[PDB]
């Protein structure tokens, strides 16, 4: 099983930065939307569903730093969860060789409110395969803003 970030080289496990661009001014009341499906893609290395990969997001995935007082949600594979995650999410099954956008979005309801270069969130993803022990792997996606977000 493999993933990549913005069409970069493939990743089999570990921590990777995912740099995102946010709306630089946000109204009070309103969500910021981070669409990670436009950043992360993943695929099965053998293909054809012979040894399908089971992927879920893991309990404890959370905002970082001063974003921890903000409410949030996380959309994963057709289900909306409260963020930070207090449970694991449903499982997404990956069997195709064609890189698939991760069905993953993050909603954030907050002067400067996000700093350029600030870790916004730490999303732990788990993979296990179907055959044998399953060759379980852990991924962490550190989401980081390219730019400041301000309230007017």
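Numbering follows the first chain given and starts at 1. Here the rigid core means the biggest group of C-alpha atoms that line up within 1.5 Å when the two forms are laid on top of each other.
Visitor: Which of the two stretches, 79 to 87 versus 24 to 32, has its Cα atoms farther on average from this form in 8 other deposited structures of this protein when everything is superposed by the rigid core?
Guide: Between the two stretches, 24 to 32 moves farther in 8 other deposited structures of this protein.
Visitor: So residue 110 and residue 111 are neighbours in the shown sequence, but is anything from the deposited sequence left out between them? Give the count as none, 1 to 3, 4 to 9, or 10 or more.
Guide: Per the deposited record, the segment joining residue 110 and residue 111 lacks coordinates for 4 to 9 residues.
Visitor: Take the C-alpha B-factors listed in the entry for 123 to 131 and for 41 to 49, compute each mean, and give the stretch with the larger one.
Guide: Averaged over C-alpha atoms, the B-factors run higher in 41 to 49.
Visitor: Highest mean C-alpha temperature factor of the two stretches 84 to 92 and 111 to 119, which is it?
Guide: Between 111 to 119 and 84 to 92, it is 111 to 119.
Visitor: Out of 55, 32, 58, 104, which shows the largest CA B-factor listed in the entry?
Guide: Comparing C-alpha B-factors across 55, 32, 58, 104, the top value belongs to 32.
Visitor: Name the third of the chain's ranked CA B-factors that contains residue 145, choosing lowest, middle or highest.
Guide: Middle third of the chain for residue 145's C-alpha B-factor.
Visitor: Once the chain's modelled residues are ordered by C-alpha B factor and cut into thirds, is residue 36 in the lowest, middle or highest one?
Guide: According to the entry, residue 36 has a C-alpha B-factor in the chain's middle third.
Visitor: Pull the Cα B-factor of residue 18 out of the PDB entry and bin it into the chain's lowest, middle or highest third.
Guide: It falls in the bottom third of the chain.
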